[PDB]
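Q: data08.cif is reproduced in full below (mmCIF, C-alpha atoms (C1' of nucleotides)).
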data_coords
loop_
_atom_site.group_PDB
_atom_site.id
_atom_site.type_symbol
_atom_site.label_atom_id
_atom_site.label_comp_id
_atom_site.auth_asym_id
_atom_site.auth_seq_id
_atom_site.Cartn_x
_atom_site.Cartn_y
_atom_site.Cartn_z
ATOM 1 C CA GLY A 1 0.000 0.000 0.000
ATOM 2 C CA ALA A 2 1.265 3.415 -1.073
ATOM 3 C CA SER A 3 -1.538 5.211 0.802
ATOM 4 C CA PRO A 4 -3.284 4.658 4.145
ATOM 5 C CA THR A 5 -6.638 4.068 2.444
ATOM 6 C CA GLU A 6 -5.517 0.920 0.599
ATOM 7 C CA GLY A 7 -2.732 -1.468 1.501
ATOM 8 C CA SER A 8 -1.651 -4.573 3.366
ATOM 9 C CA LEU A 9 0.548 -3.041 6.083
ATOM 10 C CA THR A 10 0.353 0.754 5.730
ATOM 11 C CA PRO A 11 -3.417 1.158 6.346
ATOM 12 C CA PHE A 12 -2.854 0.029 9.940
ATOM 13 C CA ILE A 13 0.342 1.956 10.795
ATOM 14 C CA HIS A 14 -0.577 5.279 9.163
ATOM 15 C CA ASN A 15 -1.233 6.680 12.650
ATOM 16 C CA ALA A 16 1.676 4.953 14.433
ATOM 17 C CA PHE A 17 4.112 7.852 13.881
ATOM 18 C CA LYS A 18 4.595 10.662 16.374
ATOM 19 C CA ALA A 19 3.098 13.916 15.138
ATOM 20 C CA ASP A 20 6.438 15.688 14.701
ATOM 21 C CA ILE A 21 7.781 13.181 12.170
ATOM 22 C CA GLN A 22 6.700 14.181 8.654
ATOM 23 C CA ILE A 23 9.527 12.900 6.413
ATOM 24 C CA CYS A 24 11.023 9.565 7.415
ATOM 25 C CA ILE A 25 13.149 6.804 5.905
ATOM 26 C CA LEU A 26 13.501 3.441 7.638
ATOM 27 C CA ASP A 27 15.250 0.143 6.911
ATOM 28 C CA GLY A 28 14.009 -3.150 8.279
ATOM 29 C CA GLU A 29 12.829 -6.705 7.768
ATOM 30 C CA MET A 30 9.343 -7.882 6.812
ATOM 31 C CA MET A 31 8.068 -11.183 8.208
ATOM 32 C CA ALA A 32 4.875 -13.114 8.945
ATOM 33 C CA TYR A 33 3.070 -12.965 12.295
ATOM 34 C CA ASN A 34 0.656 -15.588 13.641
ATOM 35 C CA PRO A 35 -1.737 -13.871 16.099
ATOM 36 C CA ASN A 36 -3.528 -16.903 17.532
ATOM 37 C CA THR A 37 -0.147 -17.849 19.016
ATOM 38 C CA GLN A 38 1.318 -14.314 19.017
ATOM 39 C CA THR A 39 4.496 -15.682 17.439
ATOM 40 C CA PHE A 40 6.537 -15.045 14.314
ATOM 41 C CA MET A 41 6.223 -17.706 11.619
ATOM 42 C CA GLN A 42 9.781 -18.604 10.666
ATOM 43 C CA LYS A 43 10.502 -18.239 6.964
ATOM 44 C CA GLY A 44 10.092 -21.412 4.935
ATOM 45 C CA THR A 45 7.228 -23.894 4.939
ATOM 46 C CA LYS A 46 3.561 -22.964 4.429
ATOM 47 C CA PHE A 47 4.038 -19.279 3.525
ATOM 48 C CA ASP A 48 6.020 -16.745 1.511
ATOM 49 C CA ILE A 49 5.938 -13.167 2.795
ATOM 50 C CA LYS A 50 6.401 -11.896 -0.779
ATOM 51 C CA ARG A 51 3.052 -13.163 -2.144
ATOM 52 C CA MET A 52 0.949 -13.964 0.931
ATOM 53 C CA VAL A 53 -2.607 -15.088 0.225
ATOM 54 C CA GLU A 54 -5.308 -12.739 1.487
ATOM 55 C CA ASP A 55 -7.496 -15.415 3.095
ATOM 56 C CA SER A 56 -4.701 -16.555 5.430
ATOM 57 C CA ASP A 57 -4.966 -15.421 9.050
ATOM 58 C CA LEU A 58 -1.226 -14.667 9.125
ATOM 59 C CA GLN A 59 -0.353 -10.991 8.802
ATOM 60 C CA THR A 60 2.655 -8.812 7.927
ATOM 61 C CA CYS A 61 5.022 -7.377 10.547
ATOM 62 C CA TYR A 62 7.837 -4.864 10.017
ATOM 63 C CA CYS A 63 10.827 -4.990 12.374
ATOM 64 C CA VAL A 64 12.912 -1.820 12.079
ATOM 65 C CA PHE A 65 16.646 -1.637 12.743
ATOM 66 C CA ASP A 66 17.776 1.726 11.318
ATOM 67 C CA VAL A 67 16.677 5.249 10.414
ATOM 68 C CA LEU A 68 18.285 7.273 7.626
ATOM 69 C CA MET A 69 16.348 10.560 7.534
ATOM 70 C CA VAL A 70 13.914 12.354 9.863
ATOM 71 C CA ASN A 71 12.537 15.849 9.162
ATOM 72 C CA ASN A 72 15.079 16.641 6.442
ATOM 73 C CA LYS A 73 17.941 15.558 8.713
ATOM 74 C CA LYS A 74 20.520 13.300 7.053
ATOM 75 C CA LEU A 75 21.488 10.630 9.586
ATOM 76 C CA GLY A 76 23.620 8.529 7.240
ATOM 77 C CA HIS A 77 26.905 9.917 8.557
ATOM 78 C CA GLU A 78 26.064 9.666 12.270
ATOM 79 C CA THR A 79 27.072 6.826 14.569
ATOM 80 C CA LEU A 80 24.892 3.782 15.175
ATOM 81 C CA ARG A 81 24.088 4.809 18.752
ATOM 82 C CA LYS A 82 22.710 8.168 17.647
ATOM 83 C CA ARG A 83 20.566 6.580 14.934
ATOM 84 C CA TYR A 84 19.221 4.108 17.498
ATOM 85 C CA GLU A 85 18.340 6.941 19.874
ATOM 86 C CA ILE A 86 16.575 8.926 17.147
ATOM 87 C CA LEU A 87 14.759 5.753 16.078
ATOM 88 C CA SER A 88 13.422 5.351 19.606
ATOM 89 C CA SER A 89 11.625 8.704 19.149
ATOM 90 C CA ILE A 90 9.949 8.038 15.775
ATOM 91 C CA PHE A 91 6.999 5.692 16.316
ATOM 92 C CA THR A 92 5.287 4.215 19.342
ATOM 93 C CA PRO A 93 5.395 0.485 18.529
ATOM 94 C CA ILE A 94 2.080 -1.300 18.039
ATOM 95 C CA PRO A 95 2.855 -5.023 18.334
ATOM 96 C CA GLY A 96 1.929 -7.181 15.367
ATOM 97 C CA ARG A 97 2.284 -4.434 12.768
ATOM 98 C CA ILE A 98 5.486 -2.460 13.445
ATOM 99 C CA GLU A 99 8.228 -3.075 16.001
ATOM 100 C CA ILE A 100 11.806 -2.181 16.935
ATOM 101 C CA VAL A 101 14.421 -4.923 17.150
ATOM 102 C CA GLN A 102 15.866 -5.167 20.648
ATOM 103 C CA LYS A 103 19.641 -4.784 20.953
ATOM 104 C CA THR A 104 21.524 -5.770 24.111
ATOM 105 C CA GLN A 105 24.775 -4.150 25.214
ATOM 106 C CA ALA A 106 27.530 -6.740 25.588
ATOM 107 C CA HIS A 107 31.295 -6.514 26.098
ATOM 108 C CA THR A 108 32.435 -10.111 26.637
ATOM 109 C CA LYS A 109 32.566 -13.285 24.564
ATOM 110 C CA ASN A 110 30.641 -15.332 27.128
ATOM 111 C CA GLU A 111 27.678 -13.066 26.367
ATOM 112 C CA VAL A 112 27.982 -13.824 22.644
ATOM 113 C CA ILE A 113 28.022 -17.578 23.224
ATOM 114 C CA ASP A 114 25.105 -17.272 25.653
ATOM 115 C CA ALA A 115 23.093 -15.331 23.073
ATOM 116 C CA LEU A 116 23.873 -17.858 20.334
ATOM 117 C CA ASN A 117 22.938 -20.788 22.580
ATOM 118 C CA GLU A 118 19.654 -19.108 23.513
ATOM 119 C CA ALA A 119 18.941 -18.349 19.853
ATOM 120 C CA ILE A 120 19.475 -21.994 18.922
ATOM 121 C CA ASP A 121 17.183 -22.857 21.835
ATOM 122 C CA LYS A 122 14.458 -20.583 20.435
ATOM 123 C CA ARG A 123 15.032 -22.136 16.979
ATOM 124 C CA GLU A 124 16.463 -19.067 15.267
ATOM 125 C CA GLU A 125 19.179 -18.820 12.639
ATOM 126 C CA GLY A 126 21.802 -17.153 14.827
ATOM 127 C CA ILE A 127 22.744 -13.759 16.244
ATOM 128 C CA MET A 128 24.305 -10.608 14.802
ATOM 129 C CA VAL A 129 26.674 -8.047 16.306
ATOM 130 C CA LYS A 130 26.802 -4.305 15.617
ATOM 131 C CA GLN A 131 29.638 -1.877 16.308
ATOM 132 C CA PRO A 132 28.292 1.159 18.218
ATOM 133 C CA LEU A 133 30.358 3.639 16.170
ATOM 134 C CA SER A 134 29.702 2.121 12.728
ATOM 135 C CA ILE A 135 28.548 4.447 9.941
ATOM 136 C CA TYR A 136 26.017 3.478 7.263
ATOM 137 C CA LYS A 137 27.925 2.619 4.077
ATOM 138 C CA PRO A 138 25.396 1.618 1.397
ATOM 139 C CA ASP A 139 26.188 -1.502 -0.655
ATOM 140 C CA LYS A 140 29.219 -2.438 1.492
ATOM 141 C CA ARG A 141 29.547 -5.695 3.414
ATOM 142 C CA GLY A 142 31.282 -6.463 6.693
ATOM 143 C CA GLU A 143 32.025 -2.882 7.768
ATOM 144 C CA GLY A 144 30.304 -2.605 11.148
ATOM 145 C CA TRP A 145 27.773 -5.445 10.997
ATOM 146 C CA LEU A 146 28.708 -9.073 11.668
ATOM 147 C CA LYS A 147 26.651 -12.269 11.733
ATOM 148 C CA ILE A 148 27.182 -15.526 13.634
ATOM 149 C CA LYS A 149 25.488 -18.898 13.134
ATOM 150 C CA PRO A 150 26.074 -22.384 14.576
ATOM 151 C "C1'" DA B 1 -84.165 -43.116 -76.953
ATOM 152 C "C1'" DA B 2 -79.309 -41.288 -77.969
ATOM 153 C "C1'" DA B 3 -75.651 -37.733 -77.508
ATOM 154 C "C1'" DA B 4 -73.211 -33.794 -75.110
ATOM 155 C "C1'" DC B 5 -71.954 -31.231 -70.943
ATOM 156 C "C1'" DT B 6 -70.720 -31.247 -66.105
ATOM 157 C "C1'" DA B 7 -69.850 -33.116 -61.132
ATOM 158 C "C1'" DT B 8 -67.173 -35.854 -58.006
ATOM 159 C "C1'" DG B 9 -63.967 -39.307 -56.345
ATOM 160 C "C1'" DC B 10 -59.371 -41.129 -56.792
ATOM 161 C "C1'" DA B 11 -54.610 -41.501 -58.796
ATOM 162 C "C1'" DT B 12 -50.261 -39.031 -59.499
ATOM 163 C "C1'" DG B 13 -46.675 -35.842 -58.958
ATOM 164 C "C1'" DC B 14 -44.503 -32.110 -56.543
ATOM 165 C "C1'" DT B 15 -43.264 -29.272 -52.479
ATOM 166 C "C1'" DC B 16 -43.017 -28.148 -47.516
ATOM 167 C "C1'" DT B 17 -42.575 -29.276 -42.326
ATOM 168 C "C1'" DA B 18 -41.418 -32.630 -37.915
ATOM 169 C "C1'" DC B 19 -38.087 -36.083 -35.964
ATOM 170 C "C1'" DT B 20 -33.628 -39.145 -35.432
ATOM 171 C "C1'" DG B 21 -28.753 -39.863 -36.142
ATOM 172 C "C1'" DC B 22 -23.799 -38.333 -37.324
ATOM 173 C "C1'" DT B 23 -20.148 -34.741 -37.230
ATOM 174 C "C1'" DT B 24 -17.944 -30.547 -35.492
ATOM 175 C "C1'" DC B 25 -17.448 -26.267 -32.547
ATOM 176 C "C1'" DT B 26 -17.338 -24.245 -27.832
ATOM 177 C "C1'" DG B 27 -16.927 -24.199 -22.780
ATOM 178 C "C1'" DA B 28 -15.412 -25.978 -18.237
ATOM 179 C "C1'" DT B 29 -12.235 -28.807 -15.515
ATOM 180 C "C1'" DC B 30 -8.039 -30.848 -14.297
ATOM 181 C "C1'" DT B 31 -3.081 -31.646 -14.457
ATOM 182 C "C1'" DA B 32 1.694 -30.150 -15.572
ATOM 183 C "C1'" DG B 33 4.866 -26.832 -16.271
ATOM 184 C "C1'" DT B 34 7.009 -21.855 -16.362
ATOM 185 C "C1'" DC B 35 8.376 -17.354 -14.522
ATOM 186 C "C1'" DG B 36 9.573 -13.708 -10.384
ATOM 187 C "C1'" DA B 37 11.968 -12.653 -6.535
ATOM 188 C "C1'" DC B 38 13.763 -13.542 -2.370
ATOM 189 C "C1'" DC B 39 16.698 -16.289 1.045
#
Rewrite the coordinates I just gave you, this time as structure tokens.
A:
Amino acid sequence: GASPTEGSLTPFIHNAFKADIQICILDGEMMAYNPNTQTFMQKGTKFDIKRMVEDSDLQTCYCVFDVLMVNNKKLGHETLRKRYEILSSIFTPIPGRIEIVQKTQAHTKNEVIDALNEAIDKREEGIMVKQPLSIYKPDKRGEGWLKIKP
DNA sequence: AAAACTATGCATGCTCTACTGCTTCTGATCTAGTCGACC
């Protein structure tokens, strides 16, 4: 949906943005949410989030992890911490339709292994790590973002 | 009493209108495969 009147995810989150924010760019991941369990349907069997069938009870959820512009302010060159803080003041999350990915501060390896073990326990792919001072470099790989899997 | 004209019933041919069977076109359904984009 390109307008609040008609869409599959936008008609519900039109009014989820604080009044001050008028121009806003966000980056995130789109996934499928099962409400009867209140759990995210892991990608794979029984559904594709690209061409979901209307009759299905599953719905679309947007998990945000970055902001690149708010009220004609260019946040590309700022540090990750600042972008996170500004992101916290964009929308009031409304579970099931738009959310912010939680990030935990960690400064030891035991924490990383604990997180990976817990992720495997919750049947997730893995865990990723972000450098607090990393800048957004479009199209580049392995600059401030790292991923870890079993 | 005999001959000529006319009426009516039936035979014959032709043409026109139902009803059954064969062939071909169209529509609806299923099954198999292809393309888009992502991960």
Q: Select residues of chain A: the criterion is any atom within 12 Å of an atom of chain B, counting only C-alpha atoms (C1' of nucleotides); output as a PyMOL selection string.
A: chain A and resi 30+43-44+48-51
Q: Since I can't run it myself right now, could you work out what the PyMOL selection byres ((chain A and resi 92-99) around 8) selects here and report it as a ChimeraX atom specification?
A: /A:9,12-13,16-18,33,35,59-64,89-91,100-101
Q: Using C-alpha atoms, can you write the selected residues to a file as a short mmCIF file (atom, residue, chain, number, x, y, z; two decimals), in the frame of the given file?
A:
data_model
loop_
_atom_site.label_atom_id
_atom_site.label_comp_id
_atom_site.auth_asym_id
_atom_site.auth_seq_id
_atom_site.Cartn_x
_atom_site.Cartn_y
_atom_site.Cartn_z
CA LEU A 9 0.55 -3.04 6.08
CA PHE A 12 -2.85 0.03 9.94
CA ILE A 13 0.34 1.96 10.80
CA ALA A 16 1.68 4.95 14.43
CA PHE A 17 4.11 7.85 13.88
CA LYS A 18 4.60 10.66 16.37
CA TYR A 33 3.07 -12.96 12.30
CA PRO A 35 -1.74 -13.87 16.10
CA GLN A 59 -0.35 -10.99 8.80
CA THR A 60 2.66 -8.81 7.93
CA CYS A 61 5.02 -7.38 10.55
CA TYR A 62 7.84 -4.86 10.02
CA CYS A 63 10.83 -4.99 12.37
CA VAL A 64 12.91 -1.82 12.08
CA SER A 89 11.62 8.70 19.15
CA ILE A 90 9.95 8.04 15.78
CA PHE A 91 7.00 5.69 16.32
CA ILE A 100 11.81 -2.18 16.93
CA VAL A 101 14.42 -4.92 17.15
#
Q: Can you list, as a list in words, every protein, DNA or RNA residue that comes within 9 Å of region 121-127 of chain A when you count only C-alpha atoms (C1' of nucleotides), leaving out same-chain residues fewer than 3 positions away?
A: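 Those residues are residues 42, 112, 115, 116, 117, 118, 146, 147, 148, 149 and 150 of chain A.
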Q: Could you jot down the CA of residue 134 (chain A) to CA of residue 77 (chain A) separation for me, Å, one decimal place?
A: 9.3 Å
Q: Report, in Å with one decimal, the straight-line distance from CA of residue 133 (chain A) to CA of residue 83 (chain A).
A: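 Computing the Euclidean distance for CA of residue 133 (chain A) and CA of residue 83 (chain A) yields 10.3 Å.
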Q: Distance CA of residue 143 (chain A)-CA of residue 130 (chain A), one decimal place?
A: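 Taking CA of residue 143 (chain A) as the start and CA of residue 130 (chain A) as the end point, the length is 9.5 Å.
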Q: Would you pick out the contacts of region 102-109 of chain A at 9 Å or less, using only C-alpha atoms (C1' of nucleotides), so that residues sharing its chain but fewer than 4 positions from it are not included, and give the list as a VMD selection string?
A: chain A and resid 65 113 to 114 130
Q: Excluding residue 56 (chain A) and any residue of its chain fewer than 3 positions from it, enumerate the residues within 10 Å of it, using all atoms listed in the file, and give them as a PDB file with C-alpha atoms, keeping the file's coordinate frame.
A:
ATOM      1  CA  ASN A  34       0.656 -15.588  13.641  1.00  0.00           C
ATOM      2  CA  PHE A  47       4.038 -19.279   3.525  1.00  0.00           C
ATOM      3  CA  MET A  52       0.949 -13.964   0.931  1.00  0.00           C
ATOM      4  CA  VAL A  53      -2.607 -15.088   0.225  1.00  0.00           C
ATOM      5  CA  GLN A  59      -0.353 -10.991   8.802  1.00  0.00           C
TER       6      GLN A  59
END
Q: Using only C-alpha atoms (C1' of nucleotides), which protein or nucleic acid residues come within 10 Å of residue 131 (chain A)? Drop anything in the same chain fewer than 5 positions from it, and give the result as a list in words.
A: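 Counting only C-alpha atoms (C1' of nucleotides), the residues come to residues 79, 80, 81, 143, 144, 145 and 146 of chain A.
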